[PDB]
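Novice: First the structure, which I've put down as C-alpha cells, then a few questions once you've had a look.
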Amino acid sequence: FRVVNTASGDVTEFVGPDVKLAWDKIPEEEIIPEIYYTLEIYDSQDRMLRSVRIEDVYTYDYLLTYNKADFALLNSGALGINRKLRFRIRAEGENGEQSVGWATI
Amino acid sequence: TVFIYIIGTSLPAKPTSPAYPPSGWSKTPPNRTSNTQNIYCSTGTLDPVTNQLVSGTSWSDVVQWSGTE
C-alpha cells in the first residue's frame, strides 16, 4: 500500500497536486466471488474526510478538487487545503467477510 | 516562463499562437478528473514588454506532467 507519486528525495511526500494511491490485489481472491475495499481518509488532527468503496480496481486516484471542495468546506465551511493526509484500507468480501488489521503507508 | 496548461485525455498539439496565455490555453495547472492527465510545455523565453514569446523560439514539445518538472 503505497503512493505512486512520492518524492525521491524523501519517503512520504507527494509532489503532484493529485495523490495517486495504489495497492496489490488481495490474495485468495478467487476463493471469494465478489470483493471490495473500503478506504478512509483522515486529517492531521484525526477527522475522517471520506469513506470510499472501491470494487474491481486497485489503483485509487485522489484528486485535488476533491480535497478542496468536498473536504475543506465540509470540515470547516471555508475554502482550504489539507496537506497532511492519512489513509487506511480494508479488504471486505460480501457474505460477512472482513479483513483484519487495516492497512496504511 | 514555464506553464502547465491542460486537463487532457490525450497528448495535445503544441500551441501555435505566440501569446503567453496561448489560444484558449490555461496559464496554471488546473484540476483534473481521474481519466484526464496534465501536460506542460517548456515555453521559450518570454518578453515582459510585449508579454508574448519573442520572435522565433516557438513552444517546446508538450510532455505529460509527471510529478515535478
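Convention: chains lettered A, B, ... in C-alpha cells order; per-chain residue numbering from 1; ligands numbered from 1 as shown.
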Could you build a table of the residues in chain A lying no more than 9 Å from chain B, giving for each the nearest pair of atoms and their separation in Å rounded to one decimal place, using only C-alpha atoms, ordered by chain and ascending residue number, as a Markdown table?
Specialist:
```
| residue | atom | partner | partner_atom | distance |
| --- | --- | --- | --- | --- |
| A:5 | CA | B:67 | CA | 6.5 |
| A:6 | CA | B:67 | CA | 8.2 |
| A:7 | CA | B:67 | CA | 8.2 |
| A:14 | CA | B:67 | CA | 8.2 |
| A:15 | CA | B:67 | CA | 5.7 |
| A:16 | CA | B:67 | CA | 4.8 |
| A:17 | CA | B:31 | CA | 8.2 |
| A:18 | CA | B:32 | CA | 8.5 |
| A:60 | CA | B:34 | CA | 8.9 |
| A:61 | CA | B:34 | CA | 6.1 |
| A:62 | CA | B:34 | CA | 8.0 |
| A:63 | CA | B:32 | CA | 7.3 |
| A:64 | CA | B:31 | CA | 6.6 |
| A:65 | CA | B:31 | CA | 6.0 |
```
Novice: Using N, CA, C and O atoms, can you write the selected residues to a file as a short mmCIF file (atom, residue, chain, number, x, y, z; two decimals), in the first residue's frame?
Specialist:
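Result went into result.cif, see below:
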```cif
data_model
loop_
_atom_site.label_atom_id
_atom_site.label_comp_id
_atom_site.auth_asym_id
_atom_site.auth_seq_id
_atom_site.Cartn_x
_atom_site.Cartn_y
_atom_site.Cartn_z
N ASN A 5 2.99 8.66 -6.67
CA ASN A 5 3.61 9.98 -6.77
C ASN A 5 4.23 10.32 -5.42
O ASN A 5 3.66 11.03 -4.58
N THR A 6 5.44 9.81 -5.21
CA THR A 6 6.20 10.05 -3.99
C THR A 6 7.55 10.65 -4.35
O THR A 6 8.19 10.24 -5.32
N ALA A 7 7.99 11.62 -3.55
CA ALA A 7 9.24 12.30 -3.82
C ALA A 7 10.42 11.34 -3.65
O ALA A 7 10.47 10.55 -2.70
N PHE A 14 4.23 13.54 -1.34
CA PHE A 14 3.65 13.58 -2.68
C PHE A 14 3.85 14.97 -3.26
O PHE A 14 3.54 15.97 -2.60
N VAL A 15 4.37 15.03 -4.48
CA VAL A 15 4.73 16.31 -5.09
C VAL A 15 3.59 16.85 -5.95
O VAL A 15 3.31 18.05 -5.91
N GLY A 16 2.93 16.00 -6.72
CA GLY A 16 1.89 16.44 -7.61
C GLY A 16 0.65 16.90 -6.88
O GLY A 16 0.45 16.61 -5.70
N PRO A 17 -0.21 17.65 -7.57
CA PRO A 17 -1.46 18.11 -6.93
C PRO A 17 -2.38 16.97 -6.53
O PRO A 17 -3.08 17.09 -5.52
N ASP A 18 -2.38 15.88 -7.29
CA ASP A 18 -3.28 14.76 -7.06
C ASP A 18 -2.49 13.58 -6.50
O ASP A 18 -1.44 13.22 -7.03
N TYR A 60 -6.54 3.70 -6.73
CA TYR A 60 -7.37 4.87 -6.49
C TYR A 60 -6.64 6.13 -6.94
O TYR A 60 -5.41 6.20 -6.92
N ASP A 61 -7.41 7.14 -7.33
CA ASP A 61 -6.89 8.39 -7.87
C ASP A 61 -7.48 9.55 -7.08
O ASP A 61 -8.51 10.11 -7.45
N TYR A 62 -6.82 9.90 -5.98
CA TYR A 62 -7.23 11.06 -5.20
C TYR A 62 -6.96 12.34 -5.98
O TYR A 62 -5.92 12.48 -6.62
N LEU A 63 -7.91 13.27 -5.92
CA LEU A 63 -7.86 14.49 -6.70
C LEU A 63 -7.75 15.70 -5.78
O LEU A 63 -8.27 15.70 -4.66
N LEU A 64 -7.08 16.74 -6.27
CA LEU A 64 -7.01 17.99 -5.53
C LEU A 64 -8.38 18.63 -5.40
O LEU A 64 -8.73 19.16 -4.34
N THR A 65 -9.18 18.59 -6.47
CA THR A 65 -10.50 19.20 -6.42
C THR A 65 -11.35 18.58 -5.32
O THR A 65 -12.06 19.29 -4.61
#
```
Novice: Enter the distance from atom CA of residue A:104 to atom CA of residue A:58, in Å, rounded to one decimal.
Specialist: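 Distance between the two atoms: 14.0 Å.
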Novice: If we count only C-alpha atoms, what is near residue B:7 at a cut-off of 6 Å, once residues fewer than 3 positions away on the same chain are taken out, given as a list in words?
Specialist: residues 32, 36, 37 and 38 of chain B
Novice: Please produce an output containing C-alpha atoms for each residue in the selection, written as a tab-separated table (two decimals), in the first residue's frame.
Specialist:
```tsv
chain	number	residue	atom	x	y	z
B	32	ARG	CA	-8.39	17.23	-13.42
B	36	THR	CA	-7.52	13.04	-17.75
B	37	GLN	CA	-3.86	13.91	-17.23
B	38	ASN	CA	-1.64	17.01	-17.20
```
Novice: Quick one: residues within 12 Å of residue A:28, only C-alpha atoms, excluding same-chain residues fewer than 5 positions away - as a PyMOL selection string?
Specialist: chain A and resi 33-35+91+93+99
Novice: Could those residues be written to a file, using N, CA, C and O atoms, as a compact mmCIF listing (two decimals), in the first residue's frame?
Specialist:
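Written output follows (out_11.txt):
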```
# COMPACT_ATOMS: atom_id res chain seq x y z
N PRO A 33 -16.17 -14.90 -4.57
CA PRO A 33 -16.57 -14.42 -5.89
C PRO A 33 -16.42 -12.91 -6.05
O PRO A 33 -15.74 -12.44 -6.97
N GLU A 34 -17.06 -12.15 -5.17
CA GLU A 34 -17.11 -10.70 -5.27
C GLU A 34 -16.51 -10.08 -4.02
O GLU A 34 -16.88 -10.46 -2.90
N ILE A 35 -15.60 -9.13 -4.21
CA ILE A 35 -14.90 -8.48 -3.11
C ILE A 35 -14.82 -6.99 -3.40
O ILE A 35 -14.99 -6.53 -4.53
N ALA A 91 -9.98 -4.92 3.23
CA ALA A 91 -10.48 -5.78 2.17
C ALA A 91 -11.69 -6.53 2.72
O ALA A 91 -11.55 -7.33 3.65
N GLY A 93 -15.06 -8.92 1.82
CA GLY A 93 -15.95 -9.70 1.00
C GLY A 93 -17.39 -9.35 1.32
O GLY A 93 -17.68 -8.43 2.08
N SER A 99 -11.47 -8.16 6.32
CA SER A 99 -10.06 -8.30 6.64
C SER A 99 -9.81 -7.86 8.09
O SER A 99 -10.68 -7.31 8.76
```
Novice: Using backbone DSSP assignments, extract all strand (DSSP E) residues from stretch 30-62 of chain B; output them as a short mmCIF file (atom, residue, chain, number, x, y, z; two decimals) with N, CA and C atoms, in the first residue's frame.
Specialist:
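So the final result, stored in result-v4.cif, reads:
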```
data_model
loop_
_atom_site.label_atom_id
_atom_site.label_comp_id
_atom_site.auth_asym_id
_atom_site.auth_seq_id
_atom_site.Cartn_x
_atom_site.Cartn_y
_atom_site.Cartn_z
N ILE B 39 -0.38 18.00 -19.02
CA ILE B 39 0.70 18.15 -19.99
C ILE B 39 1.21 19.58 -19.91
N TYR B 40 2.53 19.75 -19.90
CA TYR B 40 3.16 21.05 -19.84
C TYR B 40 3.93 21.32 -21.12
N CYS B 41 4.47 22.54 -21.23
CA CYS B 41 5.37 22.88 -22.31
C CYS B 41 6.44 23.81 -21.77
N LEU B 46 10.17 34.53 -22.61
CA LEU B 46 9.06 35.47 -22.67
C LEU B 46 9.59 36.89 -22.65
N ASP B 47 8.89 37.78 -23.36
CA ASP B 47 9.26 39.18 -23.39
C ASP B 47 8.30 39.96 -22.51
N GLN B 52 4.68 38.29 -24.58
CA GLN B 52 4.48 37.19 -25.51
C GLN B 52 5.85 36.66 -25.92
N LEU B 53 5.85 35.48 -26.52
CA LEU B 53 7.10 34.86 -26.95
C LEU B 53 7.84 35.78 -27.91
#
```
Novice: Atom CA of residue B:54 and atom CA of residue B:26 are how many Å apart?
Specialist: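 Atom CA of residue B:26 lies 19.3 Å from atom CA of residue B:54.
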Novice: Please identify the alpha helix (DSSP H) residues within chain A (assignment by DSSP from backbone atoms) and present them as a list in words.
Specialist: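 In chain A, DSSP puts these residues in alpha helix (DSSP H): residues 64, 65, 73, 74, 75 and 76 of chain A.
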Novice: Could the residues in this selection be written to a file with N, CA, C and O atoms, as a CSV table (one decimal), in the first residue's frame?
Specialist:
```csv
chain,number,residue,atom,x,y,z
A,64,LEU,N,-7.1,16.7,-6.3
A,64,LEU,CA,-7.0,18.0,-5.5
A,64,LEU,C,-8.4,18.6,-5.4
A,64,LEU,O,-8.7,19.2,-4.3
A,65,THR,N,-9.2,18.6,-6.5
A,65,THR,CA,-10.5,19.2,-6.4
A,65,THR,C,-11.3,18.6,-5.3
A,65,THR,O,-12.1,19.3,-4.6
A,73,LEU,N,-14.3,22.5,2.8
A,73,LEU,CA,-15.6,23.2,3.2
A,73,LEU,C,-16.4,22.3,4.1
A,73,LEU,O,-16.9,22.8,5.1
A,74,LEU,N,-16.5,21.0,3.8
A,74,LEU,CA,-17.4,20.1,4.6
A,74,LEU,C,-16.9,20.0,6.0
A,74,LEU,O,-17.7,19.8,7.0
A,75,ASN,N,-15.6,20.2,6.2
A,75,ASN,CA,-15.0,20.0,7.6
A,75,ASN,C,-14.9,21.3,8.3
A,75,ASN,O,-14.9,21.3,9.6
A,76,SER,N,-14.8,22.5,7.6
A,76,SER,CA,-14.7,23.8,8.3
A,76,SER,C,-15.6,24.8,7.7
A,76,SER,O,-15.8,25.9,8.3
```
Novice: Could you tell me how far atom CA of residue B:59 sits from atom CA of residue B:27, in Å to one decimal place?
Specialist: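 Rounded to one decimal, the two atoms are 13.7 Å apart.
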Novice: Leaving out residue A:103 and any residue of its chain fewer than 4 positions from it, which residues lie within 10 Å of it when counting only C-alpha atoms, given as an MDAnalysis selection string?
Specialist: chainID A and resid 1 23 39 87:91 99
Novice: Put those residues in a file: N, CA and C atoms, as a PDB file, in the first residue's frame.
Specialist:
```
ATOM      1  N   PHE A   1       0.872  -1.171   0.000  1.00  0.00           N
ATOM      2  CA  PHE A   1       0.000   0.000   0.000  1.00  0.00           C
ATOM      3  C   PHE A   1       0.911   1.224   0.000  1.00  0.00           C
ATOM      4  N   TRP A  23      -2.398  -0.264  -4.641  1.00  0.00           N
ATOM      5  CA  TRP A  23      -2.124  -1.386  -3.758  1.00  0.00           C
ATOM      6  C   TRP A  23      -2.324  -2.683  -4.527  1.00  0.00           C
ATOM      7  N   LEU A  39     -11.845   2.369   1.803  1.00  0.00           N
ATOM      8  CA  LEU A  39     -10.735   3.272   2.066  1.00  0.00           C
ATOM      9  C   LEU A  39     -11.252   4.495   2.806  1.00  0.00           C
ATOM     10  N   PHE A  87      -4.409   7.522   5.336  1.00  0.00           N
ATOM     11  CA  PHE A  87      -5.214   6.562   4.596  1.00  0.00           C
ATOM     12  C   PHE A  87      -5.192   5.212   5.293  1.00  0.00           C
ATOM     13  N   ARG A  88      -6.354   4.564   5.337  1.00  0.00           N
ATOM     14  CA  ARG A  88      -6.482   3.208   5.845  1.00  0.00           C
ATOM     15  C   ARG A  88      -7.441   2.448   4.943  1.00  0.00           C
ATOM     16  N   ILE A  89      -7.112   1.191   4.652  1.00  0.00           N
ATOM     17  CA  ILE A  89      -7.883   0.384   3.714  1.00  0.00           C
ATOM     18  C   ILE A  89      -8.108  -0.998   4.306  1.00  0.00           C
ATOM     19  N   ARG A  90      -9.322  -1.517   4.133  1.00  0.00           N
ATOM     20  CA  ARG A  90      -9.659  -2.885   4.489  1.00  0.00           C
ATOM     21  C   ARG A  90     -10.193  -3.606   3.261  1.00  0.00           C
ATOM     22  N   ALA A  91      -9.977  -4.916   3.231  1.00  0.00           N
ATOM     23  CA  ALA A  91     -10.483  -5.779   2.170  1.00  0.00           C
ATOM     24  C   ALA A  91     -11.688  -6.529   2.719  1.00  0.00           C
ATOM     25  N   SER A  99     -11.471  -8.162   6.321  1.00  0.00           N
ATOM     26  CA  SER A  99     -10.061  -8.298   6.644  1.00  0.00           C
ATOM     27  C   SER A  99      -9.809  -7.864   8.085  1.00  0.00           C
TER      28      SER A  99
END
```
Novice: With only C-alpha atoms as the counted atoms, please give the residues lying no more than 9 Å from residue B:15, apart from itself and same-chain residues fewer than 4 positions off, as number ranges by chain.
Specialist: B: 22-23, 25, 58-59
Novice: Might you pull out every residue within 9 Å of residue A:72, with only C-alpha atoms counted and same-chain residues fewer than 6 positions away left off, and present them as an NGL selection string?
Specialist: :A and (49 or 66 or 78-82)
Novice: Could you take the residues named above and write them with C-alpha atoms, as a CSV table (one decimal), in the first residue's frame?
Specialist:
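Result file part-v1.csv:
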```
chain,number,residue,atom,x,y,z
A,49,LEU,CA,-12.8,13.0,5.4
A,66,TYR,CA,-11.9,16.6,-4.0
A,78,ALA,CA,-14.4,27.6,4.3
A,79,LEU,CA,-12.0,27.2,1.4
A,80,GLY,CA,-8.8,25.4,2.4
A,81,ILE,CA,-6.4,22.7,1.6
A,82,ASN,CA,-5.3,19.7,3.7
```
